[PDB]
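Student: Structure incoming, see below.
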Amino acid sequence: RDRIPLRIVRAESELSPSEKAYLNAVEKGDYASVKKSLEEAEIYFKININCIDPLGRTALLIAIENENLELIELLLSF
Amino acid sequence: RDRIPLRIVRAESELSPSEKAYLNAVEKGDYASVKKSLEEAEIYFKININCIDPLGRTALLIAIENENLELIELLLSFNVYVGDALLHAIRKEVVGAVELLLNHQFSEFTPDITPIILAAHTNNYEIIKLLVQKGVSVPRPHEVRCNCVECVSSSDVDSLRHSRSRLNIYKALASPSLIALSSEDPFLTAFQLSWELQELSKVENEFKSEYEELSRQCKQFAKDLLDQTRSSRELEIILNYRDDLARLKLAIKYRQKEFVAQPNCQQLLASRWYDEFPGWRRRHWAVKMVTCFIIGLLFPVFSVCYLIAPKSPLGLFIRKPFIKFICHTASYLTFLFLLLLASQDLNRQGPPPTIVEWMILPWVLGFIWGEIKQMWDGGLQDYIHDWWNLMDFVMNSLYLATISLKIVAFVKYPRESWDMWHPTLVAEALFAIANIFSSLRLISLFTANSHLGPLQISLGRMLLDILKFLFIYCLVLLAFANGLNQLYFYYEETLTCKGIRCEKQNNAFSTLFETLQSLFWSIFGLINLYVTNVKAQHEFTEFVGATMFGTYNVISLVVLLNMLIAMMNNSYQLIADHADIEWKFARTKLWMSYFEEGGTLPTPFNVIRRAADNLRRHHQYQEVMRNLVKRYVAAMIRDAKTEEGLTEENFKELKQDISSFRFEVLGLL
Ligand SMILES: CCCCCCCCCCCCCCCC(=O)OC[C@H](COP(=O)(O)O)OC(=O)CCCCCCCCCCCCCCC
Ligand SMILES: CC(C)CCC[C@@H](C)[C@H]1CC[C@H]2[C@@H]3CC=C4C[C@@H](OC(=O)CCC(=O)O)CC[C@]4(C)[C@H]3CC[C@]12C
Ligand SMILES: [Ca+2]
Ligand SMILES: [Zn+2]
């Protein structure tokens with residue numbers, strides 16, 4: 001064997017592109033994008049509030065270390 | 001010419017003012033200006049998309065290092081040529097590596113550097129995860145000492161490139177994130193990788209510090225991965241895993257001094273050491289030595305109870321590792337007391353005394369049988385890797401020689417009329433040497449104690465340095481002995497005593513052996529100054545010989561001894577910062593010596609379904625490893641963005657972001 005075939009042994013669970021878009025919307029700090037993502041998360045759709053990153057960062061936590069108090073209030077309101 | 005005319009020697013093609021303004025628009029964050037410049041670059045104008053700065057900064061590169069994703073997407077939207085810009089995004093640890101991956105000379109990176117190698121060098125978990133999800137492969141390095149056709153061909157073509165590529169591959173494999181993400185068993189991978197990198201540092205004399213740092217990184221990663229244990233059940237799952245403490249034995253085998261000497265590992269080893277002993281260490285010291293003495297005098301009854309009833313409670317009290325350690329210590333102390341009794345004569349044949357030496361022989365045969373048994377299991381490499389094993393092998397060889405010499409003297413043969421090589425005399429001399437070695441073996445028991453332990457470990461560690469300085473001093477002694485013997489061998493006289501071991505020291509430098517002895521004994525001042533005189537009135541020869549003696553004394557006492565003191569100062573300051581780690585590793589080895597069921601009896605008495613279980617153990621170990629890897633990744637990510645500090649790159653990023661916001665606001669109004 002010539003090359004080491006690197007893979008992921010601890011596969012975990014990946015996320016939907018809509019969920020990843022919501023997570024990086026919380027990461028960027030845009031108020032309107034997170035508000036719209038949580039509007040489509042109000043109805044029972046793909047985007048859920050209880051979304052857990054493979055890194056382990058829930059969107060509330062991403063708001064917590066971003067020091068965005070308004071984003072934390074918006075998340076805790078839902 | 002009284003002035004130096006400064007000119008540029010390495011000139012380039014430079015940039016046009018339009019291209020310079022375009023690069024400034026890339027730098028500042030004028031999105032409208034770069035869009036207009038690119039639109040003008042679609043038509044046949046001066047500005048080209050793949051322009052090259054004199055510093056080698058393509059517009060995509062300076063867009064990448066400013067962390068502006070919109071600019072990067074703008075250049076990749078117009079098919080700007082992409083060379084090693086993915087490597088620049090990886091080295092900068094920039095989230096635009098995704099856009100660089102999905103997008104369809106002078107290089108700042110070595111040509112053997114691939115994206116996965118550089119991402120592992122940077123130790124970024126997200127970029128490594130992205131590249132492994134996209135599908136990457138690290139080339140497999142060969143064995144440490146191998147001579148295949150490919151390696152010698154690459155060394156003949158380019159030894160520098162081959163060594164750099166091998167070092168880059170081993171730097172990529174040794175990163176904590178790649179082991180945490182792509183390895184089945186991160187602990188075994190870290191152990192074997194540190195072992196391989198240590199062998200590479202030994203083999204590759206150059207790049208030795210790099211491989212030693214990589215091995216230290218692997219060991220430190222293994223220690224941090226073990227540090228994430230939250231329950232004792234997980235610790236017992238990890239340490240007792242085999243593919244009994246099998247993983248702890250493996251970590252001892254791979255010299256993982258940081259995986260061991262961990263508070264959780266030491267807590268488990270202490271729980272297995274004082275087994276069924278509630279609150280042993282939480283007692284007064286006087287009661288501890290009292291009960292240690294009580295067990296010490298009670299060693300033979302426990303040994304007999306084990307030999308006659310292993311299932312008895314008193315036959316299971318010896319099975320405790322601490323109790324059996326006290327038992328073995330008491331046995332060795334009783335043997336040394338018997339040696340002291342033997343130390344406290346007109347017959348050529350010496351029979352054993354009817355009391356003292358006759359029970360001494362079972363300890364000697366027990367030591368011999370234990371040494372052969374310990375040499376049979378484990379191998380001979382670890383036998384020679386332990387200096388105490390060399391010491392007790394020497395002691396047992398001397399004891400066997402004394403036994404054979406006593407037998408020979410009994411079956412073949414006043415004291416003052418004996419030959420100097422009489423077998424009784426040689427037997428007594430070797431018995432005294434073996435007594436010295438047996439009583440010097442007691443320093444190995446200092447490892448159990450918490451006060452003399454680290455001291456004994458450090459003072460045993462600087463012995464290699466002692467041997468190096470002894471080599472240097474032996475060369476100096478040989479030189480001066482050669483010179484003094486050459487000068488003084490013409491004046492040899494033949495007087496009952498001839499040498500330096502009488503009241504009137506004479507013929508000190510007449511023989512080469514006597515010259516060596518006289519120069520050896522001059523360190524301690526036991527050689528007087530009349531040994532440099534001759535019978536004749538040759539004052540020049542006496543003065544030159546005394547000058548040799550003075551020069552040798554000056555070197556070996558003022559110069560060499562103080563250099564030895566200085567180098568023991570440096571060594572002790574270097575090894576006192578890890579004294580607890582080495583002491584706890586050696587104490588763990590001493591404990592796990594007594595943990596096993598075999599060799600429970602002391603030396604005077606020591607001569608007298610599966611697939612389902614393996615699958616369940618593998619699943620439990622994989623779940624524990626998944627939790628540990630998640631905890632380690634989270635901890636090092638939280639550690640990573642705290643202790644790093646602020647460079648000038650993030651200040652430039654702040655300036656570029658504020659300028660981009662300002663220019664977007666200006667574009668809006
Ligand atoms: C091996 C490589 C590393 C060492 C390299 C050499 C480094 C050392 C060189 C030393 C050279 C010899 C010096 C003279 C010795 C000698 O033979 O000296 C021998 C003679 C004595 O002659 P007799 O032995 O015949 O009486 O000394 C004298 O004649 C007295 C006057 C000269 C004294 C010189 C002393 C110099 C300093 C030496 C002592 C320092 C002690 C300091 C204590 C605080
Ligand atoms: C002339 C003969 C009789 C020898 C005289 C000296 C011995 C009686 C001494 C010298 C060093 C001593 C040892 C030094 C250190 C230790 C460790 C200490 O035990 C521990 O620390 C056990 C582990 C723990 O407590 O965690 C007490 C026993 C022992 C083996 C001592 C036993 C008694 C020894 C052999
Ligand atoms: Ca031994
Ligand atoms: Zn090879």
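First residue shown is number 1, and so on along the chain.
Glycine is treated like the rest: Cβ placed from N, Cα and C.
Just lifted these from Swiss-Prot, have a look:
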- B:15-46: repeat 'ANK 1' (REPEAT)
- B:57-79: repeat 'ANK 2' (REPEAT)
- B:82-104: repeat 'ANK 3' (REPEAT)
- B:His142, B:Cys146, B:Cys148, B:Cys151: Zn(2+) binding site (BINDING)
- B:193-230: coiled coil (COILED)
- B:284-318: intramembrane segment (INTRAMEM)
- B:322-342: transmembrane segment (TRANSMEM)
- B:358-372: transmembrane segment (TRANSMEM)
- B:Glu371, B:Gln374, B:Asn389, B:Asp392: Ca(2+) binding site (BINDING)
- B:387-407: transmembrane segment (TRANSMEM)
- B:426-448: transmembrane segment (TRANSMEM)
- B:462-484: transmembrane segment (TRANSMEM)
- B:548-568: transmembrane segment (TRANSMEM)
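Situate these features within the shown structure.
Tutor: For the repeat 'ANK 2' (B:57-79), the DSSP counts in helix, strand and coil order read 16 helix, 0 strand, 7 coil.
Mapped onto DSSP helix, strand and coil, the repeat 'ANK 3' (B:82-104) counts 13 helix, 0 strand, 10 coil.
Using a 10 Å radius centred on the Cβ of B:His142 (Zn(2+) binding site) and all shown protein chains, the other Cβ atoms total 12.
Residues 324, 326-327, 329-331, 333-334, 600-602, 604-605, 608 of the same chain, all 6+ positions outside the intramembrane segment (B:284-318), place their C-beta atoms under 8 angstroms from a C-beta of that stretch.
Non-local neighbours of the transmembrane segment (B:322-342) in the same chain are 273-275, 277, 280, 292, 295-297, 299, 302-303, 353, 356-357, 359-360, 363, 435, 438-439, 441-442, 445, 448, 594, 600, 602-604; each lies 6+ residues outside the stretch with a CB under 8 Å from one of its CB atoms.
Among residues of the same chain six or more beyond the transmembrane segment (B:358-372), those with a C-beta under 8 A of the stretch's C-beta atoms are 331, 335, 338-339, 342, 352, 389, 392-393, 395-396, 399-400, 403, 599, 602-607.
If you draw a 10 Å sphere around the CB of B:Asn389 (Ca(2+) binding site), it holds 17 other CB atoms from the protein chains shown.
Outside the transmembrane segment (B:387-407) by six or more residues, the chain places 350, 352, 361, 364, 367-368, 371, 374, 423-424, 426-427, 430-431, 433-434, 437-438, 440-441, 444, 460, 463 with a CB less than 8 A from a CB of the stretch.
Listed as Cβ neighbours of the transmembrane segment (B:426-448) (distance under 8 Å, sequence separation of 6 or more from its ends, same chain) are residues 325, 329, 332, 335-336, 339, 342-343, 350, 388, 391-392, 394-395, 398-399, 401-402, 405-406, 409, 455-457, 583, 586-587, 590.
Long-range contacts of the transmembrane segment (B:462-484) within the same chain: residues 387, 509, 512, 515-516, 518-520, 545, 548-549, 551-552, 555-556, 560, 563-564, 567-568, 571-572, 575, each at least 6 residues beyond the stretch ends and with a Cβ under 8 Å from a Cβ of the stretch.
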Student: When you scan the chain for residues with a C-beta under 8 Å from the coiled coil (B:193-230), skipping those not six or more beyond its ends, what do you find?
Tutor: 144-145, 163, 167, 170-171, 173-176, 179-180, 186-187, 238, 251, 254-259, 262, 264-265, 627-629, 631-632, 635-636
Student: Any idea what the Cα distance is from B:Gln374 (Ca(2+) binding site) over to B:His142 (Zn(2+) binding site), rounded to a whole Å?
Tutor: 34
Student: Spatially, which candidate from the binding-site residues B:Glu371, B:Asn389, B:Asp392 is nearest to B:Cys151 (Zn(2+) binding site), comparing Cα atoms?
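Tutor: The answer is B:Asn389.
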Student: Including all protein chains shown, what's the count of other C-beta atoms within 10 A of the C-beta of B:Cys151 (Zn(2+) binding site)?
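Tutor: If we count other Cβ atoms within 10 Å of B:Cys151 (Zn(2+) binding site), we arrive at 15.
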Student: Specify all same-chain residues, apart from the site residues B:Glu371, B:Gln374, B:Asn389, B:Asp392, whose Cβ lies within 8 angstroms of the center of the Cβ atoms of the Ca(2+) site, ordered by sequence.
Tutor: B:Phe367, B:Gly370, B:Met375, B:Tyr383, B:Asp386, B:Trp388, B:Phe393, B:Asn396
Student: Spatially, and counting Cα to Cα, which of the binding-site residues is closest to B:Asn389 (Ca(2+) binding site)? Options: B:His142, B:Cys146, B:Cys148.
Tutor: B:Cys146
Student: Rounded to an integer, what is the Cα-Cα distance in Å between B:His142 (Zn(2+) binding site) and B:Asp392 (Ca(2+) binding site)?
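Tutor: That comes out at 40 Å between the alpha carbons.
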Student: Taking the binding-site residues B:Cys151, B:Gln374, B:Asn389, B:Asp392, which residues show a Cβ-atom distance to ligand 4 below 6 Å?
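Tutor: So the answer is B:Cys151.
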